[PDB]
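K.L.:
build me a model from this:
(chains A, B, C, D, E, F and G)
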Amino acid sequence: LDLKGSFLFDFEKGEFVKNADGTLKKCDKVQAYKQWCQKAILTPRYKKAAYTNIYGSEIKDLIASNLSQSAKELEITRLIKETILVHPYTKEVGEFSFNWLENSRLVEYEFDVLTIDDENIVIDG
Amino acid sequence: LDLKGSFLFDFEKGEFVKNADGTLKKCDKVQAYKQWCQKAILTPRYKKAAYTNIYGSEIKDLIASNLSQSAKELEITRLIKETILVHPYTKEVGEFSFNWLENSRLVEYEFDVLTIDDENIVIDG
Amino acid sequence: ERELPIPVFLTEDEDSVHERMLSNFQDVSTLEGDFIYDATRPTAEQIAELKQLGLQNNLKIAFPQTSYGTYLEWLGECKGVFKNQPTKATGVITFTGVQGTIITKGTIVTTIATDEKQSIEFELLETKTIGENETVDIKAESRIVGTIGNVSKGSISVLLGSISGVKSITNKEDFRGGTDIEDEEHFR
Amino acid sequence: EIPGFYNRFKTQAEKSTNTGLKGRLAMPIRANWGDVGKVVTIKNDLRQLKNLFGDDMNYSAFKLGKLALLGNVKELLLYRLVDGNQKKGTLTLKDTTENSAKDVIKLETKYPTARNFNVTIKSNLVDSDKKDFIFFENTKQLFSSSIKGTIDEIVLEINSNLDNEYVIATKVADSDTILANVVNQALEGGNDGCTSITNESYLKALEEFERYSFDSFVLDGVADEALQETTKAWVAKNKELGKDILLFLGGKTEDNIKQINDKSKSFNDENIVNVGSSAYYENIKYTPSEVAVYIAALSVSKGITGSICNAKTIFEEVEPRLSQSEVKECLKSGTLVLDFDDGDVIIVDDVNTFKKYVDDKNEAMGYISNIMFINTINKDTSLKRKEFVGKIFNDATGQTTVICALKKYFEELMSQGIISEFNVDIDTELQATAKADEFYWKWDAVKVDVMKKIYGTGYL
Amino acid sequence: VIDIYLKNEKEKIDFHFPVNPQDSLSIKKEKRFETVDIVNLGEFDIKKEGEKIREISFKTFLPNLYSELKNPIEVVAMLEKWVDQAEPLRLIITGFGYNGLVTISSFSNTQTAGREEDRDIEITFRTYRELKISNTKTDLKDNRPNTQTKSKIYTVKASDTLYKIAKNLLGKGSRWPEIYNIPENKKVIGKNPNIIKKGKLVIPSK
Amino acid sequence: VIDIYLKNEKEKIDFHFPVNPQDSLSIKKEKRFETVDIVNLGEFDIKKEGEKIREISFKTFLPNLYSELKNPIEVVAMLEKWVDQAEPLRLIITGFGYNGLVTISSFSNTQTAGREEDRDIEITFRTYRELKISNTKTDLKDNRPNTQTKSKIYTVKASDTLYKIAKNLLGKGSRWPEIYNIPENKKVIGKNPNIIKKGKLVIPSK
Amino acid sequence: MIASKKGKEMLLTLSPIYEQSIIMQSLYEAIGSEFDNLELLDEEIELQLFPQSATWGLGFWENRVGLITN
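P.N.:
Numbering: from 1, shown residues only, chains lettered A, B, ... in the order given. See below for the structure:
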């Protein structure tokens, strides 16, 4: 497998975190994977020409859709799930939740599961 | 495929449109196809000996038929659809509509779809 | 025209460029959407587009076997061969009207513009007066070079302005002075 | 026609697509062609607009009318604003045999204008006893016909043929011999009145529009402060008369973000909307005042159910591109701003000028869709009101009939899914002093809003 | 609340069923496995790694007058056309909580003795899947279905370049000579592929 | 309103069903596809390009007295004759909106205990198709069904010529020697094929 | 903000997170600068391909035809 680490990027500030040395703050494989996941969610699909069709999501386009609330919930689940699962490190994403806190303004949760989160059988002959 | 263009013919005037140069007004492949479609509809089938059995329609013969209104509507759809579809450029013809504006005097619509009207999938490995 | 052989380097695939660019990295991840991928992929893509379009087109215009347009003309000038130039349609237009009426040089008369066709503009080459006979003939020329023009006998019937006393403007015979730009392949 | 089979062909753009559209819009258009000083309704057809007002993009009629037409409005109420000095293209044609050249026929354009209509008459080559009358607009042929030499037929034949929607012939005098041959004689003396339109002249259109009814009103692509204030008062006046008109405006071309936001803050009526960005459409710029026409049309066309919170506009590029902070300021100021996103110009958040207060319940009043929803209900109730004011006996059964009518009307809105909950009941307080047309009632409803924002939290 | 949406893409139609699926929906799931016996031990279950295609079926009636609506005859013609569509359809069922690409296996309409305008429908779907036929290294999986469609004719925009059109509209982007080599594209486009104009109509292949 | 018309052509008969098709019509449609499994991936659906023959079936009774009518026995004899007809029949169903060439697969009549004059009918149709067994170039497709019939004996008209008769009545028109070489045609026609007279009876082949 | 025309386009081609990234903006400003120079250089090569617009390559043409390059 041998996934590799990457460099931090504070999405709050929209800038790379760099040490007092001036070098960019490296970080772990798992940290890099989390960095990648948020980026892929925020990247709309088919539009940013640097990436292929695999990368990116389509959540923004769903806003203009005329589908009902329940239909939009499933589409959110499909879109987020499809976008994340392309990464090798992903094991499973699910346990989605939704809260239409206002009449038409939504908050939703989902839980991601890594490959390392798997449970291993203990036996040998 | 390489369909080729043809020469305009104002069906309103029943004459070819010619430029001030005197040469007949050429026109596009798609314009030629539209010119062809109207001609084929107006050409009765099996009667004008220049053309084979493929060319032409039979709408005129349907006038003397004793079929009911609804039966005649389907026959109009079949006849127009069969006549047009022989052309390679046709993709589909349909969405037929009928309006018996008087007791026994009819107006009908239909929509033609070209080969170029098709929608193409965007993907490559 | 002849097909253009292209060097293998100028036809490199975009991914091949990007793959070579990422060859040196072995510590940091290079997955699609990763930061290293973000830094490198637009460069690789831009190289391929420039390499495949900009450079190959430059190679095409080099030789007369595949050059075109102004580029082919200059290669004609290398060996002193010039392509032919077009000419304006030339002819005569008959005018009828009041004898006192006067028609000046440079007056513009056109064909009948329509939805299907646009009017072809023609300019009079002479100044005349109708004083002797009601009919007069004036030499004219199409304002645009090329076989555009060369109209039929009775085509010219439109005056852009309105000259007092003129009863009818009609070309008498088809124009013949027009000729188009020489064909590129013929010139090649 | 003879019995038999006949057929024609038409471009798909010629389809009767007017079915299914919604909304009504008004415009005091400047036009080179068509009726002057009156309101005219168009059923969302480009050709109808073309025939009624020509196709000169230099004039605000076809230009803005096309944009509003692209906004999918069901009905567009156009008024040909004019400066005065109005005239119709006219010409007089004369007889040959009379050595005095007797004038026998006067031609005139159907409507006032200044476009170059021209006439060319030549001897009919087949027969000198007839002559070919060819009508021209500039160098373009517009209509041809041969005619008898008698004057009455000539005026009739010109007025007879189908293609003379532009010009109407008129007889000045009788004569025996055909008109004199002429080529491209312009119908001089006309005038479209587009020159030097006065600020005051807009007010004539306003009063004319008042007798009509429409969902919204938008200016003729003009950012003059006096007109905006005048229209502001005019719309406010019509509200007091019960006519709830929604106004769309756009700031001046040279106004920066500071000027635009201050303008929106200066008047924060929920019935007023400021466009804070120009836009592109096939290389033709549209000032914010001009763009407001398209914005007004889209808002009107969406009607009740739809909204333009993230609608993809027809435009191709917006000159002022704003950062999120700049967007936040403009949106906070009530400025309606179009944003460029991945080759798409998209309206953002459906706001109006009402943003200064947003006092709790009035937060919803800052959005165009909410106001459109409110105004339409008032109009529908006003329609049902006028059927019964002093025309049904003010008894409990009659009052119950009115409540049944209103309650069923709201129940239709439930069927559309517009509203989640509603109630309409007797206003017991104002019912204490009822009269013939002074029965009073109260209601409240819960409008369903369009989804606008999403928040996700990735647990990991 | 329950609704059914069929979002065809090769024909950009977003069909919404006017009527809910009658009595009851139901979807099965069956693990792909094989049974093997062993001498003096008996039967055993061996799981097979691959998944299994599963079906969704129901029945409805397309009413003549009811919330958006269309003629039942046209709707039947619409669906019967979609049956032969090689490309997949997206099926979403709100209350049942189903969402995934499917293709119509069988379709049938019926006119009862009364109610002649309506058409009783019985439809069956199949779960859809895709067949995705140097310097080995881990990379993103190709799990995303590529269900997206574009017009067969493209109008060039101002900022476009022929390479950019190829990537946006034909994938790899190096596919541009396929667009150029079409003689119609060669005619409208100048002899230089690198030069292009806003407007020119261009025909992507396939 | 619903009606059923069977327009036989090899026998120029336009049969109209006196009675509507009892309880309910129904037509299925099933995409022609095959299922294939792949190791470590599972099942997949492969569409097969060809279409599928589909059936229409119903049942009626041919009443003795009713609007045009005929004896049920003769009608059954008519249809049973048509069952063996190789040539196709045109079936039109107004209210159901069906129109296309079909051929009768199975047919059955029945006399109930009472109502001995009437004949309960149960009939089934199959969608019909045709098998159409230098200087390559695009041309019109051969989609038109060629269902048209003419008398086996032709009466020559005034303006006719032997080539014209061949094309109108035998297709290509160069087929005229087939007409001439028949000895009966040779006898009635003069020894010059180019000369012919109004009246002469001529026998097209087949 | 990026100054190079090519740099702005290339940055926009990536994910939209880099609005505030001075590092990424500065990076693609540098990348855009080189591609801008290459495009100008590429146009310059086109001029060398002909004797009429040879410019500094005119010595090559003089060298090609044997004229005394100077």
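
K.L.:
please enumerate residues in contact with stretch D:291-298?
P.N.:
Contacting residues not belonging to stretch D:291-298 are listed as D:23, D:25, D:27, D:64, D:67-73, D:76, D:216-219, D:221, D:246, D:248-250, D:273, D:275, D:277-279, D:286, D:308, D:311, D:313-315, D:336, D:338, D:347 [Cβ atoms under 8 Å, 6 or more residues apart in numbering or on different chains]. All C-beta atoms are positioned from the backbone trio N, CA, C, and that covers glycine.

K.L.:
which among the residues you listed end up buried?
P.N.:
Neighbour-count burial within the contacts of stretch D:291-298 applies to D:23, D:25, D:27, D:64, D:67-73, D:76, D:216-219, D:221, D:246, D:248-250, D:273, D:275, D:277-279, D:286, D:308, D:311, D:313, D:315, D:336, D:338, D:347; the criterion is 16 or more other Cβ atoms under 10 Å in any protein chain shown.

K.L.:
list the buried residues for the biggest helix by length in chain C?
P.N.:
In terms of residue count, the longest helix belonging to chain C (DSSP state H) is helix C:35-49. By neighbour count on 16+ other Cβ under 10 Å, the buried set for helix C:35-49 is C:35-38, C:40-49.

K.L.:
stretch E:182-200 too?
P.N.:
By 16+ other Cβ under 10 Å, the buried positions in stretch E:182-200 come out as E:182, E:185, E:188-189, E:191-194, E:196.

K.L.:
same question for stretch D:240-249.
P.N.:
For stretch D:240-249, the buried set under the neighbour-count rule, 16+ other Cβ under 10 Å, comprises D:243-249.

K.L.:
start to end distance for it?
P.N.:
Using Cα to Cα, to the nearest Å, the gap from the first to the last residue of stretch D:240-249 comes to 21 Å.

K.L.:
quick one: contacts of it?
P.N.:
Under the criterion Cβ under 8 Å, 6+ apart, external residues in contact with stretch D:240-249 comprise D:210, D:213-219, D:223, D:228, D:231-232, D:235, D:238-239, D:269, D:271-275, D:289, D:292-293, D:295-296, D:299-300, D:368, D:371-372, D:374-375, D:378-379, D:382.

K.L.:
how about a cut-off of 6 Å?
P.N.:
D:216-218, D:228, D:235, D:238, D:271-274, D:292, D:295-296, D:375, D:378, D:382 (Cβ atoms under 6 Å, 6 or more residues apart in numbering or on different chains).

K.L.:
same check, this time on stretch D:340-349
P.N.:
Contacting residues not belonging to stretch D:340-349 are listed as A:47, D:308-313, D:315, D:318, D:321, D:331, D:337-339 [Cβ under 6 Å, 6+ apart].

K.L.:
most widely separated two among the residues you listed?
P.N.:
Within the contacts of stretch D:340-349, two members stand farthest from each other by Cβ to Cβ: A:47 and D:331, at 23.3 Å.

K.L.:
in the chain, which helix is the longest?
P.N.:
Since you didn't name a chain, this refers to chain A. Longest among the helix segments of chain A by residue count, using DSSP H, is helix A:69-85.

K.L.:
actually chain G
P.N.:
When chain G is scanned for its longest helix (criterion: DSSP H), the result is helix G:22-48.
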